[PDB]
$ cat run08.txt   # compact mmCIF, C-alpha atoms
# COMPACT_ATOMS: atom_id res chain seq x y z
CA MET A 1 3.00 -5.24 5.13
CA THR A 2 0.86 -3.43 7.70
CA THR A 3 2.29 -0.67 9.85
CA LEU A 4 2.42 -2.98 12.87
CA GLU A 5 4.16 -5.70 10.86
CA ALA A 6 6.76 -3.21 9.59
CA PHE A 7 7.66 -2.14 13.13
CA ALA A 8 7.62 -5.74 14.37
CA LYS A 9 10.02 -6.87 11.63
CA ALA A 10 12.52 -4.18 12.63
CA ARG A 11 12.24 -5.09 16.31
CA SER A 12 12.73 -8.81 15.60
CA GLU A 13 15.90 -7.81 13.75
CA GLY A 14 17.12 -5.86 16.79
CA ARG A 15 16.89 -2.40 15.28
CA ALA A 16 14.76 0.73 15.31
CA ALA A 17 12.76 1.05 12.09
CA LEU A 18 14.05 3.66 9.64
CA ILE A 19 11.36 5.99 8.31
CA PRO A 20 12.52 8.27 5.47
CA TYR A 21 10.43 11.43 5.19
CA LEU A 22 10.34 13.16 1.81
CA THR A 23 8.40 16.29 0.87
CA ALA A 24 6.32 15.66 -2.26
CA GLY A 25 7.76 17.44 -5.28
CA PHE A 26 11.10 18.39 -3.73
CA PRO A 27 13.54 19.30 -5.25
CA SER A 28 11.27 18.59 -8.21
CA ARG A 29 8.65 16.01 -9.20
CA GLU A 30 11.25 13.83 -10.94
CA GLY A 31 13.78 14.47 -8.18
CA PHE A 32 11.26 13.32 -5.59
CA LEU A 33 10.54 10.09 -7.47
CA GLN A 34 14.23 9.35 -7.82
CA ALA A 35 14.73 10.00 -4.10
CA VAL A 36 11.92 7.56 -3.35
CA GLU A 37 13.71 4.91 -5.40
CA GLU A 38 16.96 5.55 -3.52
CA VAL A 39 15.48 5.45 -0.02
CA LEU A 40 13.07 2.53 -0.45
CA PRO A 41 15.76 -0.12 0.27
CA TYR A 42 16.25 1.61 3.63
CA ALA A 43 12.61 2.27 4.42
CA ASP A 44 10.57 0.18 6.82
CA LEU A 45 7.81 2.79 6.35
CA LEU A 46 7.77 5.97 4.24
CA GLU A 47 6.45 9.43 5.10
CA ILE A 48 5.44 11.74 2.24
CA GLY A 49 4.83 15.39 3.05
CA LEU A 50 2.14 17.54 1.48
CA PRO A 51 3.67 21.00 0.85
CA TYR A 52 1.84 23.82 2.67
CA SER A 53 2.42 27.63 2.60
CA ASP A 54 2.41 28.13 6.44
CA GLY A 59 11.77 23.72 11.41
CA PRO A 60 13.38 25.84 8.68
CA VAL A 61 14.84 22.90 6.74
CA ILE A 62 11.49 21.27 6.01
CA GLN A 63 9.90 24.67 5.37
CA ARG A 64 12.56 25.22 2.72
CA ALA A 65 11.67 21.96 0.99
CA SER A 66 7.94 22.74 1.05
CA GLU A 67 8.61 26.23 -0.27
CA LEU A 68 10.47 25.00 -3.34
CA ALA A 69 8.02 22.17 -4.00
CA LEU A 70 5.24 24.77 -4.01
CA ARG A 71 7.13 27.18 -6.25
CA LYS A 72 7.47 24.34 -8.75
CA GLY A 73 3.73 23.68 -8.81
CA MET A 74 3.07 20.96 -6.23
CA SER A 75 -0.58 20.71 -5.20
CA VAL A 76 -2.99 18.31 -3.51
CA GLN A 77 -3.78 16.80 -6.91
CA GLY A 78 -0.09 16.54 -7.69
CA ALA A 79 0.54 14.83 -4.35
CA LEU A 80 -2.31 12.37 -4.92
CA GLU A 81 -0.76 11.14 -8.16
CA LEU A 82 2.65 10.92 -6.48
CA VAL A 83 1.17 8.78 -3.71
CA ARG A 84 -0.26 6.53 -6.44
CA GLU A 85 3.11 6.26 -8.16
CA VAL A 86 4.90 5.49 -4.88
CA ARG A 87 2.27 2.87 -4.03
CA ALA A 88 2.96 1.30 -7.44
CA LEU A 89 6.60 0.92 -6.33
CA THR A 90 6.11 -0.57 -2.88
CA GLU A 91 3.76 -2.46 -0.56
CA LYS A 92 5.31 -0.71 2.46
CA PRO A 93 3.27 1.56 4.75
CA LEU A 94 2.90 5.07 3.29
CA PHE A 95 1.96 7.97 5.54
CA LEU A 96 0.97 11.41 4.33
CA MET A 97 2.04 14.29 6.55
CA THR A 98 -0.32 17.22 6.23
CA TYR A 99 -1.30 20.31 8.13
CA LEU A 100 -5.02 20.81 8.68
CA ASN A 101 -5.62 23.86 6.45
CA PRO A 102 -5.55 21.95 3.09
CA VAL A 103 -7.77 19.25 4.62
CA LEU A 104 -10.39 21.85 5.59
CA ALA A 105 -10.22 23.44 2.12
CA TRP A 106 -10.96 20.18 0.30
CA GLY A 107 -13.35 18.95 2.96
CA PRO A 108 -12.09 16.28 5.42
CA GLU A 109 -14.20 13.42 4.06
CA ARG A 110 -13.12 14.14 0.49
CA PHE A 111 -9.47 14.77 1.35
CA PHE A 112 -9.07 11.62 3.44
CA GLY A 113 -11.12 9.62 0.96
CA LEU A 114 -8.93 10.64 -1.96
CA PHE A 115 -5.66 9.85 -0.20
CA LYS A 116 -6.92 6.50 1.08
CA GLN A 117 -8.06 5.72 -2.49
CA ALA A 118 -4.64 6.74 -3.79
CA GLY A 119 -2.94 4.12 -1.63
CA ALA A 120 -2.00 5.92 1.58
CA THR A 121 -1.84 3.75 4.70
CA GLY A 122 -2.43 6.70 6.98
CA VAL A 123 -1.89 10.33 7.79
CA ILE A 124 0.31 12.24 10.22
CA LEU A 125 -1.47 15.36 11.50
CA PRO A 126 1.06 17.57 13.31
CA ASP A 127 -1.20 20.53 14.02
CA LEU A 128 -4.26 18.68 15.27
CA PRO A 129 -4.50 17.74 18.98
CA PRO A 130 -6.72 14.67 18.51
CA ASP A 131 -8.65 15.27 21.73
CA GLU A 132 -9.80 18.60 20.30
CA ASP A 133 -11.62 17.03 17.34
CA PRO A 134 -12.30 13.31 17.87
CA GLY A 135 -14.96 13.49 15.18
CA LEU A 136 -12.38 14.41 12.56
CA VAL A 137 -10.10 11.64 13.83
CA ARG A 138 -12.87 9.04 13.65
CA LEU A 139 -13.70 10.21 10.13
CA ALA A 140 -10.19 9.42 8.89
CA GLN A 141 -10.09 6.10 10.75
CA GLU A 142 -13.52 5.03 9.46
CA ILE A 143 -12.32 5.78 5.92
CA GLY A 144 -9.53 3.30 6.61
CA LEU A 145 -6.56 5.51 7.42
CA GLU A 146 -4.27 5.13 10.40
CA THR A 147 -3.89 8.47 12.18
CA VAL A 148 -0.59 9.50 13.74
CA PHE A 149 -0.57 12.32 16.28
CA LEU A 150 2.31 14.13 17.92
CA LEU A 151 3.89 14.39 21.33
CA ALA A 152 6.78 16.61 22.41
CA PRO A 153 9.37 16.40 25.20
CA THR A 154 7.20 18.84 27.19
CA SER A 155 4.20 16.50 27.11
CA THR A 156 2.88 15.68 30.57
CA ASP A 157 1.91 12.14 31.51
CA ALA A 158 -1.74 13.17 31.12
CA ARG A 159 -1.22 14.53 27.64
CA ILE A 160 0.66 11.37 26.61
CA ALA A 161 -2.31 9.33 27.85
CA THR A 162 -4.74 11.56 25.98
CA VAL A 163 -2.89 11.41 22.66
CA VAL A 164 -2.25 7.66 22.64
CA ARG A 165 -5.91 6.93 22.94
CA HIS A 166 -6.52 8.52 19.53
CA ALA A 167 -3.39 7.53 17.61
CA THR A 168 -3.32 4.43 15.43
CA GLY A 169 -0.46 3.02 13.37
CA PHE A 170 2.08 4.76 15.58
CA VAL A 171 2.63 7.80 17.80
CA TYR A 172 5.25 10.39 16.87
CA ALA A 173 7.46 12.21 19.36
CA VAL A 174 9.25 15.20 17.83
CA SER A 175 11.92 17.55 19.13
CA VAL A 176 11.99 20.22 16.41
CA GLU A 189 17.95 12.87 25.20
CA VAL A 190 15.54 10.36 23.66
CA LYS A 191 15.46 7.40 26.07
CA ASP A 192 13.47 9.29 28.75
CA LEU A 193 10.70 10.44 26.39
CA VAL A 194 10.38 7.01 24.78
CA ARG A 195 10.15 5.39 28.23
CA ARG A 196 7.39 7.71 29.36
CA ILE A 197 5.35 7.12 26.18
CA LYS A 198 5.82 3.34 26.16
CA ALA A 199 4.62 3.23 29.76
CA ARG A 200 1.26 4.49 28.50
CA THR A 201 0.90 2.57 25.24
CA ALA A 202 1.92 -0.53 23.31
CA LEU A 203 1.61 1.48 20.08
CA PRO A 204 4.90 1.80 18.20
CA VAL A 205 6.72 5.02 19.08
CA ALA A 206 8.58 6.87 16.33
CA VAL A 207 10.85 9.83 17.02
CA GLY A 208 12.12 12.79 15.04
CA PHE A 209 15.21 14.47 16.50
CA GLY A 210 17.07 15.65 13.40
CA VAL A 211 19.03 12.39 13.13
CA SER A 212 21.78 12.85 10.54
CA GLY A 213 24.30 10.05 10.99
CA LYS A 214 25.41 7.01 12.96
CA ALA A 215 26.04 8.76 16.29
CA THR A 216 22.74 10.64 16.39
CA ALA A 217 20.89 7.54 15.18
CA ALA A 218 22.46 5.51 17.99
CA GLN A 219 21.01 7.93 20.56
CA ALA A 220 17.54 7.45 19.07
CA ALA A 221 17.77 3.67 18.53
CA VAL A 222 15.71 3.03 21.66
CA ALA A 223 12.61 4.17 19.75
CA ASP A 224 10.55 1.72 17.70
CA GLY A 225 11.16 3.92 14.66
CA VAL A 226 13.25 6.95 13.71
CA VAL A 227 12.17 9.45 11.08
CA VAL A 228 14.83 10.94 8.82
CA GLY A 229 13.61 14.13 7.18
CA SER A 230 15.79 17.21 7.56
CA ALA A 231 18.97 15.24 6.83
CA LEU A 232 17.47 14.12 3.52
CA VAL A 233 16.50 17.68 2.57
CA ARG A 234 20.13 18.69 3.03
CA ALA A 235 21.47 15.72 1.06
CA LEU A 236 19.04 16.48 -1.77
CA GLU A 237 19.88 20.20 -1.68
CA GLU A 238 23.59 19.41 -1.91
CA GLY A 239 23.00 16.85 -4.65
CA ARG A 240 24.51 13.96 -2.69
CA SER A 241 23.81 10.23 -2.94
CA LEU A 242 21.24 9.17 -0.35
CA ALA A 243 22.38 5.59 0.26
CA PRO A 244 25.63 6.43 2.08
CA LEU A 245 23.74 8.69 4.48
CA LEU A 246 20.96 6.20 5.16
CA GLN A 247 23.51 3.39 5.58
CA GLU A 248 25.28 5.32 8.34
CA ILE A 249 21.93 5.94 10.00
CA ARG A 250 20.92 2.27 9.62
CA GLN A 251 24.15 1.24 11.34
CA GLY A 252 23.33 3.54 14.25
CA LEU A 253 19.75 2.26 14.55
CA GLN A 254 21.04 -1.28 15.10
CA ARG A 255 20.90 -1.87 18.84
CA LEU A 256 23.98 -2.89 20.82
CA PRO A 269 21.77 5.70 42.23
CA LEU A 270 20.73 8.94 40.52
CA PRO A 271 19.02 11.67 42.57

$ encode --input "run08.txt" --output "structure tokens"
Amino acid sequence: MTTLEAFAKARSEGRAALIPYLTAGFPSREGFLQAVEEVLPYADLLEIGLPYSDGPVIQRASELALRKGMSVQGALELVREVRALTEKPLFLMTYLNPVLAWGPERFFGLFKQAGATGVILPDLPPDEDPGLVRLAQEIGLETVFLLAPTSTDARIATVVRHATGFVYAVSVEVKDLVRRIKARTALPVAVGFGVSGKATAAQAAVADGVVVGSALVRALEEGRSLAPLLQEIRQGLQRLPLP
């Protein structure tokens, strides 16, 4: 199930893909693995975050995961164990600092080896280091880059020529942003707008995919079942002159 196939399946079913995002090792290593099991039935693709020292909800999750010993090596084994559970696309979200510490070629090589389909690099404007981007892609990883509501048409054009797998629009109104990105690329467009239930999901349903991250941190923090929450979101992702 390639990334493209995952998005296509959701579209053929008349819904935006649901992309759970879980921070590796949060609330604990075992807690993370159990969360993975609970969200898989709702996942078209899965995002796994690599905890890093430097919104507040995700920062909280990364903080605790780190306090409990999560590391790059710990995340690599977790990616392997998640890959053993599913054939679905798995994307590792990581800031650049840890990648530079391990060495890009080694870092990307290890995660590709571990079973990752690609990486999401939030703090790397692809146009600023195409060499690094090509390195990850040559290794076999899809590379997702970010766009924000402030992105000009030129910056959308610039980012979509480096992104593979999908492009991610984050608002740390959805229809307008999705329209402007889709006008410049056929790549699937995923959005992150703090979706937490049916109503908010319905507003984001226009996107090819919707990431659910902060809402899961809260559910995990409060010790609540994840299925009810994801079910409400799934139901909202199902699709129905101005001056």

$ closest_residue --input "run08.txt" --among "A:270, A:211, A:125, A:233" --to "residue 64 in chain A" --atoms "all atoms listed in the file"
A:233

$ axis_aligned_box --input "run08.txt" --around "range 224-229 of chain A" --padding-each-side "3 Å" --output "JSON"
{"center_x": 12.7, "center_y": 7.9, "center_z": 12.4, "size_x": 10.3, "size_y": 18.4, "size_z": 16.5}

$ atom_distance --input "run08.txt" --atom1 "CA of residue 7 in chain A" --atom2 "CA of residue 42 in chain A"
13.3 Å

$ residues_near_point --input "run08.txt" --point "(19.5, 12.0, 10.9)" --cutoff "6 Å" --atoms "only C-alpha atoms" --output "MDAnalysis selection string"
chainID A and resid 210:213 228 231

$ atom_distance --input "run08.txt" --atom1 "CA of residue 32 in chain A" --atom2 "CA of residue 190 in chain A"
29.7 Å

$ closest_residue --input "run08.txt" --among "A:155, A:3, A:12, A:241" --to "residue 94 in chain A" --atoms "only C-alpha atoms"
A:3

$ build_atoms --input "run08.txt" --residues "range 31-69 of chain A" --atoms "N, CA and C atoms" --output "compact mmCIF listing (two decimals), in the coordinates of the input"
# COMPACT_ATOMS: atom_id res chain seq x y z
N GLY A 31 12.79 14.62 -9.23
CA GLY A 31 13.78 14.47 -8.18
C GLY A 31 13.20 13.71 -7.00
N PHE A 32 11.94 13.99 -6.69
CA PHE A 32 11.26 13.32 -5.59
C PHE A 32 11.14 11.83 -5.88
N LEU A 33 10.70 11.49 -7.09
CA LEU A 33 10.54 10.09 -7.47
C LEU A 33 11.86 9.33 -7.46
N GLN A 34 12.94 10.02 -7.83
CA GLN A 34 14.23 9.35 -7.82
C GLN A 34 14.69 9.16 -6.38
N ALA A 35 14.39 10.12 -5.51
CA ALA A 35 14.73 10.00 -4.10
C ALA A 35 13.98 8.82 -3.48
N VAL A 36 12.71 8.67 -3.85
CA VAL A 36 11.92 7.56 -3.35
C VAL A 36 12.60 6.25 -3.70
N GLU A 37 13.04 6.12 -4.95
CA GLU A 37 13.71 4.91 -5.40
C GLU A 37 14.97 4.64 -4.57
N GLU A 38 15.73 5.69 -4.29
CA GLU A 38 16.96 5.55 -3.52
C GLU A 38 16.77 5.19 -2.06
N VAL A 39 15.71 5.72 -1.43
CA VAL A 39 15.48 5.45 -0.02
C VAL A 39 14.67 4.20 0.27
N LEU A 40 13.90 3.71 -0.70
CA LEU A 40 13.07 2.53 -0.45
C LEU A 40 13.81 1.34 0.17
N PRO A 41 15.02 1.01 -0.31
CA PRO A 41 15.76 -0.12 0.27
C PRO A 41 16.05 0.05 1.76
N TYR A 42 15.99 1.29 2.23
CA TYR A 42 16.25 1.61 3.63
C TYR A 42 15.00 1.90 4.42
N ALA A 43 13.86 1.93 3.75
CA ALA A 43 12.61 2.27 4.42
C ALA A 43 11.78 1.12 4.95
N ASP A 44 11.45 1.18 6.23
CA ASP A 44 10.57 0.18 6.82
C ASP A 44 9.16 0.72 6.59
N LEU A 45 9.05 2.05 6.60
CA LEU A 45 7.81 2.79 6.35
C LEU A 45 8.29 4.06 5.66
N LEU A 46 7.40 4.74 4.93
CA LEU A 46 7.77 5.97 4.24
C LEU A 46 6.77 7.07 4.53
N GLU A 47 7.28 8.26 4.84
CA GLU A 47 6.45 9.43 5.10
C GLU A 47 6.59 10.37 3.91
N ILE A 48 5.46 10.82 3.38
CA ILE A 48 5.44 11.74 2.24
C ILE A 48 4.75 13.02 2.72
N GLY A 49 5.43 14.15 2.59
CA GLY A 49 4.83 15.39 3.05
C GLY A 49 4.10 16.19 1.99
N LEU A 50 2.93 16.71 2.37
CA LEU A 50 2.14 17.54 1.48
C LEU A 50 2.58 18.98 1.73
N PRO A 51 3.21 19.62 0.74
CA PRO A 51 3.67 21.00 0.85
C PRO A 51 2.54 21.94 1.28
N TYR A 52 2.83 22.85 2.20
CA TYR A 52 1.84 23.82 2.67
C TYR A 52 2.53 25.13 3.00
N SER A 53 1.92 26.24 2.57
CA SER A 53 2.42 27.63 2.60
C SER A 53 2.97 28.06 3.98
N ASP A 54 2.09 27.82 5.02
CA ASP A 54 2.41 28.13 6.44
C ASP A 54 2.92 26.89 7.18
N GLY A 59 10.48 23.04 11.51
CA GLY A 59 11.77 23.72 11.41
C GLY A 59 12.00 24.26 10.00
N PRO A 60 13.08 25.07 9.89
CA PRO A 60 13.38 25.84 8.68
C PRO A 60 13.78 24.96 7.49
N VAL A 61 14.39 23.81 7.78
CA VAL A 61 14.84 22.90 6.74
C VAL A 61 13.65 22.36 5.95
N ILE A 62 12.67 21.81 6.66
CA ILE A 62 11.49 21.27 6.01
C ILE A 62 10.70 22.38 5.32
N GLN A 63 10.62 23.54 5.96
CA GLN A 63 9.90 24.67 5.37
C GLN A 63 10.51 25.03 4.03
N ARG A 64 11.83 24.94 3.94
CA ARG A 64 12.56 25.22 2.72
C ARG A 64 12.14 24.27 1.60
N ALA A 65 12.05 22.98 1.95
CA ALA A 65 11.67 21.96 0.99
C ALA A 65 10.24 22.18 0.49
N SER A 66 9.34 22.50 1.41
CA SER A 66 7.94 22.74 1.05
C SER A 66 7.82 23.97 0.17
N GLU A 67 8.61 24.99 0.49
CA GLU A 67 8.61 26.23 -0.27
C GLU A 67 8.94 25.97 -1.73
N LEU A 68 10.06 25.29 -1.98
CA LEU A 68 10.47 25.00 -3.34
C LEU A 68 9.49 24.09 -4.07
N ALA A 69 8.97 23.08 -3.38
CA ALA A 69 8.02 22.17 -4.00
C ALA A 69 6.80 22.96 -4.48
